[PDB]
Amino acid sequence: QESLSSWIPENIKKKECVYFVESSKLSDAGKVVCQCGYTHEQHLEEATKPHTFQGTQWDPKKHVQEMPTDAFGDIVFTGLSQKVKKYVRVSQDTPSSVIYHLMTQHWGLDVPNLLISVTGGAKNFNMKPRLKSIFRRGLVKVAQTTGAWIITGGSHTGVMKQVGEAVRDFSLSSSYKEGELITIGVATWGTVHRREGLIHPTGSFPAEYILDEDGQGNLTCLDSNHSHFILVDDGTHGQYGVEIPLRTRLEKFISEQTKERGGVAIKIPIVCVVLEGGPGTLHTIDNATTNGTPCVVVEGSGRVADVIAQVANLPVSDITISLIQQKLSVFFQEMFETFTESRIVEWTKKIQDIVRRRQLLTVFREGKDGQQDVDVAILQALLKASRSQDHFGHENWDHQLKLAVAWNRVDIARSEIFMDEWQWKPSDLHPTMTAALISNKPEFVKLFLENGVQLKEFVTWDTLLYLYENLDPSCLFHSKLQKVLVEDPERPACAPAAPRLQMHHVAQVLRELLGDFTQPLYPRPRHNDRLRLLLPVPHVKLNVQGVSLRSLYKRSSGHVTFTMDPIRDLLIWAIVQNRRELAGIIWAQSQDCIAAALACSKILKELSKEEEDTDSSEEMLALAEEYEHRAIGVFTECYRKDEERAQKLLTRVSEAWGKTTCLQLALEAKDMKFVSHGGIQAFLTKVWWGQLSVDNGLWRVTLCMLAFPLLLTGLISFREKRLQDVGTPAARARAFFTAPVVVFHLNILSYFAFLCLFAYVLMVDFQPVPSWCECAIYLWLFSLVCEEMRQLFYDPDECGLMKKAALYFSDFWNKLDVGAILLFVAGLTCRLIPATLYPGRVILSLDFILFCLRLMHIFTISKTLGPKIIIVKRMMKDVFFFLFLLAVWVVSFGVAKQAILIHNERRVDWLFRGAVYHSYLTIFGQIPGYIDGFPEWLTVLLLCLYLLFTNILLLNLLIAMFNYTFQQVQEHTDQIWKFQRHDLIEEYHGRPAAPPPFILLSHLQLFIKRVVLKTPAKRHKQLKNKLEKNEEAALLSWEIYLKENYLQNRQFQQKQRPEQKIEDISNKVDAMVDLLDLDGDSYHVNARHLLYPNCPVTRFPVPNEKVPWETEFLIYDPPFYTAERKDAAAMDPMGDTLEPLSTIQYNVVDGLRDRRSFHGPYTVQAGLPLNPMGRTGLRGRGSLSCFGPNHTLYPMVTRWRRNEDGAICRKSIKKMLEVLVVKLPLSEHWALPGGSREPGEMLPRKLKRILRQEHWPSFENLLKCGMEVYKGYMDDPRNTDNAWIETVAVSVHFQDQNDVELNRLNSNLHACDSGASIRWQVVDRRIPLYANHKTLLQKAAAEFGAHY
Amino acid sequence: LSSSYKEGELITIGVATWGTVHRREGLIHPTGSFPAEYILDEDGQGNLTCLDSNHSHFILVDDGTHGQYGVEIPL
Ligand SMILES: Nc1ncnc2c1ncn2[C@@H]1O[C@H](COP(=O)(O)OP(=O)(O)OC[C@H]2O[C@@H](O)[C@H](O)[C@@H]2O)[C@@H](O)[C@H]1O
Ligand SMILES: Nc1ncnc2c1ncn2[C@@H]1O[C@H](COP(=O)(O)OP(=O)(O)OC[C@H]2O[C@@H](O)[C@H](O)[C@@H]2O)[C@@H](O)[C@H]1O
């Protein structure tokens, strides 16, 4: 913060007079004032020394000096507000760059979007209620949408007070909304009431300013609502208007000298608006209009606004000073008599100079425009100024859309610049579509979709590469992509370099976002290894970690045309940025709808899980569920019609997504709702029960299972059977056995019989030796343990051996299986050792039930048991909970049962029997009444007490927390079993139908195969249904037609919802409140223009009535103004012709100086020529060469403009013409190549010696003999009352557009000598050119039938 | 576009004279040109004119002339 406090005194200066020049007119109570009297007996802040010269009427340039500023800091109004406001005291003359740098860096203000400058009457302002309402509403609306910059004067009176109240009440009514309408105030430092407390030698970040409306003399108070303040000082005290020029200069610099994004420059829109004012308002408007800032006036508002609007459409020459005074006195009736002739003529000419420029002025017209809005009117004022100035083609309809992107207003982007004849050429909107997509701004996307912006060819490789470099900085995906570029940095991993984000990085991060699937959407390998392109990697000859097939290595790759998924590419980019409204629009135009929606659901679910900790992981999960329902709807619509093709579509692979077939892609999102919908479980019941049927009963297939002859009878229903495809009973038996249902049945029978076999060898075969029926167990454990080894090699990653066993460790049932194996190992050691048979008789009995838990695991099959055993899966830890609970209840009174009664049955480990073991037996029936039963009354009492808490509180209360919790997640438990159903089908489908007694052979079948084979490429027995092009196109085209059919219902569902219909009525009534409130004489006009170029002076007011020499104007006192180059080289030195040195020939050729007028004889007064056209207001020679006409030649070249075929281009009426124009580096304008006619024939050379040629230019000069168009006096801003400009206009033409005269002009060209640029240009009545030169173009256009 | 892929479309048939076509040189094909591409350009419009990109069917009547206007009204 101290950087500002040190920087401001270094840079900014301030004014203060240093000499005492006592004023003759003593001020009111300020008689001790030296013409400024700021704070002293004199006008000085130091010793009023004579300074060796007591110059009377001290010049401000010589007396006033600049001291470094220290009056900066902050202000807080004492009790009026609580926020802090910034303020800086600035010098009268200060570069705008310093001020802008201050407000950007040291004030934390970003670049604006709109610059509206409001000005009006300060002290004497009267307003009607309709006038007050428009400020109350429309200014606030335009300020709070575009994020405009409200710049105005800082004072406590008038229209700025209305602005302050209208900006404070919106902030208060916004209820602490994000962002505030920033307002900056600019006022002169001299006219401040209590500035004495604001001055602080040090950095006054704390400060207090108290306002008082009582002691207001010539001074004024500041406003308490402006957020920033700028105080300009000029040394004076009561001066009014020392802020207008600084504000006007700074506004243009802010608007037109900052924003340059992808091009030369970008000019921010700028608005000046008035309501009602006086002498300062006219000066402000006149100064602002010369800077190119458009001004809009409101009619029926005040005095100045009304008088300006009254002469809106009047011709410039029709204004008369008597008429101006007549309209002035009637609207200024309060102070009409206070106007003098000088003031009347000054205001007349301010009006005249304002109304000369019709392009920069608009009127609100006292509307029937207000009902539309004032927001609109003030906004297409800018866009009208934009149509008024465009160059060389249809850049207007591009610049308007560039502006409309930043407006955040759709109806303005639609209402004018999409209602006219829009030249389609849809490639225009790609630079605008990109901006709309990036800003988001999701609404403009649809608007561009109605206008034919098709996304299929809009999304190029480079466009998406640029899009992925402009992710949301606060988004999680951008942070992830800001890390992969660092995990694989420039030196060690992407060895050449990798500071640029390129498509392989996003492919790699998407693969992490995806599962263990195939290669992601963008090319990894050496063909497109997009990691290492910043160093000069070799071209096509390299083909290793570089570019192989693409065209050129230009710090890019080339046109990788579309990568066969241009829509899904935008869909992923919109999903990762969490743009909910934008992503739905892109999803509509998708090709592979179901796969894209399922992938979006998975990526949203897994991105929500990583990190933001609130408020967006919930929103990401909600959007994931929304896309889940969106996919379910499309699948339901596709499944209703012709379910057979819907199922085939379900299991197909998708080349555009790294295949991830839809059923497989759904599982990793865990997809509770999608897998449980209808046709999904229908297909699951279709792959299970593989080839037989879906109608046969479960109890009827098991009989044909065991009775092998019974397969061949007419009892079971195959699919081969109805097609009578039974040509081999062994073949239909193979088709029977291959189905997963019978593989499961035979496995369950084998596992049910293995337990009986194990029970056989414990009741009778209790021997310490491996008997006849013992090695069967060893081979059985060998066979079943090898299933897990087969699954380890089933679908692993080819690099991770330990990372795949983690998911096996993640299944507690696999842990139960391996523990049952370990318990078998622990019991076998006791089985083989003969001295521990008794411990082996009690340690293997628990294994019989540890295997029963596993046998219960595989009964997640039945329709009424699966969702029923999933309930006891919720019970599992609470099984232990209630076991620990009920064992403690039992023991609590098992201890107390044997206490009172004297029991005497005791042994070794059998006293424990009669003490504890008989307590649980007395619960379920085994009550020794002849043993358990004086204390008989208490035995009744306590026995009733235990069963009162167990059979009543611990038996029936479980039912409540069973049944209620059953109802709680029953929907979840139903779909969880639906989701878990595929896992059983997955394991038993890719498996041979051989018995586990016969799987021993198949365990070696793939081992002997690897004796011959060497690579794992045997077969892929997964769903993974690959499809041909002829059927893929015949299926995706079918789905798209159904996807749009589904979009019909939901779009119709939204409108049919009763709540939405409340939206329709509410906004229709809002359309009723706004619908029922509807109850001459041509002169040298350019010569009289002020602001003489290259000479900072002014010229005297010369009216439209007093312009001619015949009319007498008694006030005419033009200064004898001469340029700095008036006393100079061979040009006439008569700039000071008061001496008798003025003796050159008038109306005659004075040697080489042809000082004779081509129009007629000009009069001579006091030895000096007078302007024959009239009076200009500036006496002297100016920047011209000599007095009278300065003869010069303006050559013009014209040629026809042809089409591609070579025929002439055609207009509506007239024809098409071209001209050749030049642009000098220090001119910033287009002008004709015309030079001064000081030389005889080299006058064209004087303008085109470095432009046309050196030697061939003389040949072109000989061929320059053409036709003359116009001759005589020219209107020019460089015209004084003595030195004007006279020209001759020659026109040469190129009729043919082939090799002829044009051939000579092309080869002879030697332009690049001292000029900036030169080119042929289309002729138009909007082309950029000098206003004087446009007259020559318009006058000479009739000679060849050009347009206009 | 606003019907959101509704069933049925408002069929429109256009009739213009074959003489006044800008880029008809690419439309002429000796064989059956079921595939074809026509690119419109509003720059090289002399006495000729471009076709519309919204009509569903087109009929081009020819009369031997080139810049004749009104050879389609009677047909
Ligand atoms: N900075 C000022 N603050 C307050 N009152 C002022 C100021 N400057 C002049 N006045 C007073 O304003 C009165 C004249 O009011 P109008 O004729 O309606 O307005 P005008 O004098 O033209 O001033 C318009 C004002 O608009 C501002 O944007 C601009 O800086 C200018 O001062 C006079 O009493 C005059 O002393
Ligand atoms: N009809 C006119 N319309 C607009 N500007 C005009 C016109 N006539 C003269 N000017 C301007 O008046 C100024 C003084 O005229 P010159 O500079 O003598 O004009 P010219 O000889 O045509 O151009 C000389 C060039 O030298 C450069 O260094 C300089 O920037 C200027 O463009 C220049 O800004 C010039 O563009």
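All of the numbers you see were taken from the coordinates with simple rules; none came from a lab. Note that each Cβ is placed from the backbone with ideal geometry, even for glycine, and that neighbours are counted across all protein chains shown.
Is the shape of region A:687-819 rounded, prolate or oblate, going by the alpha carbon gyration tensor and its root eigenvalues a ≥ b ≥ c, with a/c under 1.5 for rounded and a/b larger than b/c for prolate? The partial results should precede the final answer.
On the way: a/c = 2.67, a/b = 1.35, b/c = 1.98.
Oblate, since a/c reaches 1.5 and b/c is not below a/b.
Go ahead and estimate [θ] at 222 nm for chain A from helices alone: -39,500 (n - 2.57) per DSSP H run with n ≥ 4, summed, over the residue count, rounded to 500. All intermediate terms of the calculation are to be shown ahead of the outcome.
Working: 50 runs with 564 residues, N = 1348.
My calculation for chain A gives -13000 deg cm²/dmol from helical runs alone.
Most simply put, the protein assembly as shown has about 40% antiparallel DSSP beta bridges, counting only bridges with both residues inside it. Amide H to amide H distances under 5 Å link A:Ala1231 with A:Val1222, where only residues 5 or more positions off or on other chains count and H is placed in the peptide plane. By the rule of a C-alpha distance below 20 Å, with chain neighbours fewer than 8 residues away ignored, the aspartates and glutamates paired with A:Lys402 are A:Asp110, A:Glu256, A:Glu260, A:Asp375, A:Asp390, A:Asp411, A:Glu416, A:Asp420, A:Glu421, A:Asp428, A:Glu443, A:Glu450. Placing unit charges on each Cβ (+1 for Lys and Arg, -1 for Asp and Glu) gives the protein assembly as shown a dipole about its Cα centre, and among A:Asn124, A:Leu379, A:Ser1002 the Cα reaching farthest toward its positive end belongs to A:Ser1002. 3J(HN,Hα) along region A:915-921, derived from phi through the Karplus expression 6.51 cos²θ - 1.76 cosθ + 1.60 where θ = phi - 60°, amounts to 9, 10, 5, 7, 7, 6, 5 Hz, with x in place of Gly and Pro. Normalised radius of gyration (Cα atoms, divided by 2.2 N^0.38 Å) for the protein assembly as shown: 1.36.
Distance from the Cα centroid of region A:976-1055 to that of region A:208-223 is 84 Å (rounded to whole angstrom).
So how strong a dipole does region A:733-886 carry about its Cα centre when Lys and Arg Cβ are +1 and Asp and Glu Cβ are -1, to the nearest 20 debye?
Details: 13 positive and 11 negative charges, 94 e Å.
Roughly 460 debye, rounded to the nearest 20.
Taking each of A:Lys1246/A:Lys1339; A:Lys267/A:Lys384; A:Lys327/A:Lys349 in turn, the alpha-carbon distance tops 22 angstrom for A:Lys1246/A:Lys1339.
Among A:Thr561, A:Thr651, A:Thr614, A:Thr284, rank each residue by its count of other Cβ atoms within 10 Å, from fewest to most, as a rough exposure measure.
Working: A:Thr561 10, A:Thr651 17, A:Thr614 7, A:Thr284 24.
Ascending number of Cβ neighbours within 10 Å: A:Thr614, A:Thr561, A:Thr651, A:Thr284.
Computed about its Cα centre, the charge dipole of chain A is approximately 4300 debye, with only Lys, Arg, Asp and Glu carrying charge at their Cβ. Dipole orientation for chain A: of the candidates A:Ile75, A:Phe782, A:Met672, A:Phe782 has the Cα lying most toward the positive pole (charges on Cβ; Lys, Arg +1; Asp, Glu -1).
With a simple spin-label model that places each label point 7 Å from the Cα along the Cα-to-Cβ direction, the separation between A:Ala806 and A:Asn1147 comes to 10.7 nm.
Reported to the nearest whole Å, the Cα centre-to-centre distance from region A:354-400 to region A:1291-1348 is 31.
Here the Debye sum runs over all C-alpha atoms of region A:1275-1329 as equal scatterers in vacuum, and log10 of I(q)/I(0) at q = 0.18, 0.28 Å⁻¹ comes out as -1.01, -1.15. Only one residue of B:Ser3, A:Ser96, A:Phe934 has its Cα farthest out toward the positive end of the dipole of the protein assembly as shown, where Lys and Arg carry +1 and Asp and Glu -1 on Cβ, and that residue is A:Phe934. Net charge dipole, region A:1194-1348: roughly 380 debye, given to the nearest 20, about the Cα centre with Cβ charges of +1 for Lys and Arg and -1 for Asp and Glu.
For region A:838-884, which trypsin sites (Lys or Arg not before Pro) are in a loop by DSSP, counting at most 10 other Cβ atoms within 10 Å?
Details: sites: A:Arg841, A:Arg854, A:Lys863, A:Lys868, A:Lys873, A:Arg874, A:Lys877; in loops: A:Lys863.
Passing sites in region A:838-884 are A:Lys863.
Taking other Cβ atoms within 10 Å as a rough exposure proxy, A:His1084, A:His903, A:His106, B:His29 sort from fewest to most as B:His29, A:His903, A:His106, A:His1084. Of the GluC sites (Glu not before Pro) found in region A:953-1042, those in coil by DSSP whose Cβ has at most 12 other Cβ atoms within 10 Å are A:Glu1028. The H on the amide N of A:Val186, modeled in the peptide plane, is under 5 Å from the matching H of A:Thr152, A:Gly153, A:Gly154, A:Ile230, each at least 5 residues off or on a different chain. Region A:703-743 and region A:867-900 have Cα centres separated by 49 Å.
Across region A:710-724, computed HN-Hα scalar couplings (Karplus, 6.51 cos²θ - 1.76 cosθ + 1.60, θ = phi - 60°) run 5, 5, 7, 7, x, 10, 8, 10, 8, 9, 5, 5, 5, 7, 6 Hz from first to last residue, x flagging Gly and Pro. Exactly which trypsin sites (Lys or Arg not before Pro) in region A:466-544 are in a DSSP loop and have at most 10 other Cβ atoms within 10 Å? Filter output for region A:466-544: A:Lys541.
Among A:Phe331, A:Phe962, A:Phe170, the order by Cβ neighbours within 10 angstrom, fewest to most, reads A:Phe962, A:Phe331, A:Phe170.
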